[PDB]
């Protein structure tokens, strides 16, 4: 009933041990077997069968406490996601080491224990460790929460260690997460790609449309920005001759937090010399179809799109995926023509009016790209939940770094894969002409002058590298935390990050 008193009592227990000799936090307990190795080694065992001649050293944490009297104690020992029962029988206690009840009366739920004992099955067939001696390695001073206590509470986030022990689903989630990354690292390695590291602190934060973080180095007396993307120095490396290059790492964007946006998230971006939009389309279908089959043995997975209570939709990752041109589909759904230039007063007022007619949010500032972006967000982004699908060939006012379309004026060779209306992949044929790049950086600075503080600044060091000749390349970005959300059936980005960014408890 009273956790504050429970913790105050256990604190006295630890100090009462030190006064009366014992050390409650010993340095080393040489373990002999792990609990998973234990279950494998002795699961194929008969009912009631003991092997009291094989003595083993095993560790773990107590998570269930019960007793069938003063002479038989029952526990649940967990370790590495698995579990065995501890069957402490008074007959098998090494009495030279201490009194049976005095030893086990101290055990509480959460205690980390070292056990010397032998393996066997119970009468009912429960595979158990049968201790000869049990020594406390690291006591748990607090009361562990119940599964109910964490269900719709933020303790999973602020106290992830509780979530990792109590909920089996949590360990499963993050084991899947690093399997997603393990797949992608080798998927690129087996294809001749070269993993690198580009700085996260920069004089200018380019590569995306987002407000950055700013820090300060004292000894240099220099203001550095946290990277919002890895796009530019990776393209500088293609110039350097590394024709197959990529990076898996954290990027930082100082903007709103919600179920799809954590301030720091993991991205992967690879750059592929002598590849284009089509290769990036085929790559995205190849990788996602194989990523999903690698984890599930199927191409169709089910996802609770509307939360856990409501029924799930089924997502079919089987290639090929639908391709939807952003301008012409917005055209069709709205029955209008977006005349070019898309950034003209006529086309901007037009889009303002169709945003106003449908009572959709007006973006501030009403830049032409944000109008198009909200139009695409409100009209084409949730077109398919049955499968992933590509929104392609964005106008050049939206894609300052994408190469212009080879047969469609004003558009780019850009693609974007969505799952359940959530952007998960960004790719395009790279804009490799320094003459046309400055015009998209100087037009972005004027967009910056209108209050669009996401409008990309002028990186000069990157512009100079374009002047030594960037070969025709194709680059693609992956939002890893979002891929993990869908592939682990979680509705929040806080559920696929170990320690998400939270409002402080003060």
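For clarity, a rigid core is taken as the largest C-alpha set superposing within 1.5 Å between two forms. Residue numbers count along the first chain shown, from 1.
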Which of the two stretches, 339-347 versus 187-195, has its Cα atoms farther on average from this form in 8 other deposited structures of this protein when everything is superposed by the rigid core? 339-347
Core-aligned, which moves more in 8 other deposited structures of this protein: 390-398 or 327-335, by CA RMS? 327-335
Quick one: is residue 63 left out in at least a third of the other entries we compared? no
Is residue 151 one of the residues left unmodelled in a third or more of the other entries compared? yes
Which is higher on mean Cα B factor in this entry, 379-387 or 294-302? 379-387
Check the entry's C-alpha temperature factors for 139-147 and 279-287, then say which stretch has the higher mean. 139-147
From 221, 105, 243, 76, can you pick the one with the highest C-alpha B factor in the entry? 76
Tell me which of 101, 196, 398, 239 tops the list for C-alpha B factor in the record. 101
What third of its chain, lowest, middle or highest, does the C-alpha temperature factor of residue 159 fall into? lowest
Is the Cα B-factor recorded for residue 61 in the lowest, middle or highest third of its chain? lowest
Sorting the chain's modelled residues by C-alpha B-factor and splitting them into thirds places residue 179 in the lowest
Within-chain third of residue 470 by Cα B-factor, per the entry: lowest
Split the chain's modelled residues into thirds by Cα B-factor; residue 451 lands in the highest
